[PDB]
C-alpha cells in the first residue's frame, strides 16, 4: 500500500545525495556492508543482561587496549569530530555539507562513522533541525538564521563505538529557543546527577522530567539512551521520562548514554516518509544533548565532555551576551 503523511511543522526535507565512501583500510562494523544494514551481533545480543566492563584500568590511560579505554579513545576522537562540525554550522550551510565535514574528519582519524548504513540509515551523521527530535537525514536544506541544530556523531574504532550529540544555535536565537536548548542541557545534567553505583535506572527519567517541567518543556518517550560499546545500541535502555518501567540497578562498569530529547510542546513524535526523521507531533521545536559515560567505583565518568567542560551553545550565548533562562 502507499503511505501518506502530513507534516506537522514548517520544516520540509531537502534532497538527499548518495552516502559517502569509507576508505578501504578502515575497519567496518558488522552492518556496514550488508544490504539493509542489519547488525547480526545486535540481533543476537538483544534482551541479554547489561555487560559489566572491567574498570581496573579506567584511570590508567596508558592501557590503550582495555575495553573501557578503547571506548574512551573513540569517544574523545568523536568529540574532536563534533567540535569541527559545530564550528562549521552557520546560516547558509546545508546539513549535507555538515555530513561531508563529519564524514571526512572521521575517516581522517581512521574511524568508521557509525550511523552510515546502520539499519540502512543513509548518511554518516544525524542532523536534526528545529521540530526534528532525532535522526534527521543530512540534506540540501540551507540552515537559516534563527534555527537550532543538533549534530549526533558516533564513530567506531578498534571494535568500539563512541556516541555524543549537542544542540547549537544557527545565528542569534529567539527566547523560546534559548529556553529550550538550555532546558535540554540542564536535563542531561539532571540525568547524569542520578548516576552512581546502586542508583536505579528508572530514577534517571524522574530527574530529567522534573528538570524539563521547570522550563515548561516535555520529555520525548519513544526514544531513549542506550548501552554502547562493542555494539552501537545495547542494554541498558535508559528512559528519559518520569514513572517509567525501567528495571535494574546501576553497577560499576556499566557503560551507556543519557540523551534526553526535550520539546517546547507535547512529548509526542511522528516519523517522516524517509522512515528516520522524527518530529514533534505539534510541530514545536525539540532539542537534545548526549554523553557516553561509565559508572565508576564512586560515581560517573563522562567520556565525551567538551574540552573545557563548557557546552558550545553556552559559549555562543556568552559571546552574544544573551542570558540563560531561569527555572520556575
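Positions refer to the first chain, counted from 1.
J.: Mean C-alpha B-factor higher for 175 to 183, or for 237 to 245?
T.: Mean C-alpha B-factor is greater for 237 to 245.
J.: Would you tell me which stretch averages the higher CA B-factor in the PDB entry, 107 to 115 or 208 to 216?
T.: Averaged over C-alpha atoms, the B-factors run higher in 208 to 216.
J.: Going by the deposited entry, which of 46, 291, 285, 70 has the highest CA temperature factor?
T.: Among 46, 291, 285, 70, the PDB entry lists the largest C-alpha B-factor for 46.
J.: In the PDB entry, which of 75, 149, 199, 125 has its C-alpha at the highest B-factor?
T.: Top of the list by C-alpha B-factor: 199.
J.: Quick one: classify residue 53 as lowest, middle or highest third of the chain based on its Cα B-factor.
T.: It falls in the middle third of the chain.
J.: Where does residue 87 sit by CA temperature factor within its chain: lowest, middle or highest third?
T.: Middle third - that is where residue 87 ends up once the chain's C-alpha B-factors are sorted.
J.: Relative to the other modelled residues in the chain, which third contains the C-alpha temperature factor of residue 251: lowest, middle or highest?
T.: Top third by C-alpha B-factor.
J.: Could you say whether, by C-alpha temperature factor, residue 262 belongs to the lowest, middle or highest third of its chain?
T.: Tercile = middle for this residue's CA B-factor.
J.: In terms of the CA temperature factor given in the entry, to which third of its chain does residue 304 belong: lowest, middle or highest?
T.: For residue 304, whose C-alpha B-factor we compare with every modelled residue in the chain, the answer is the lowest third.
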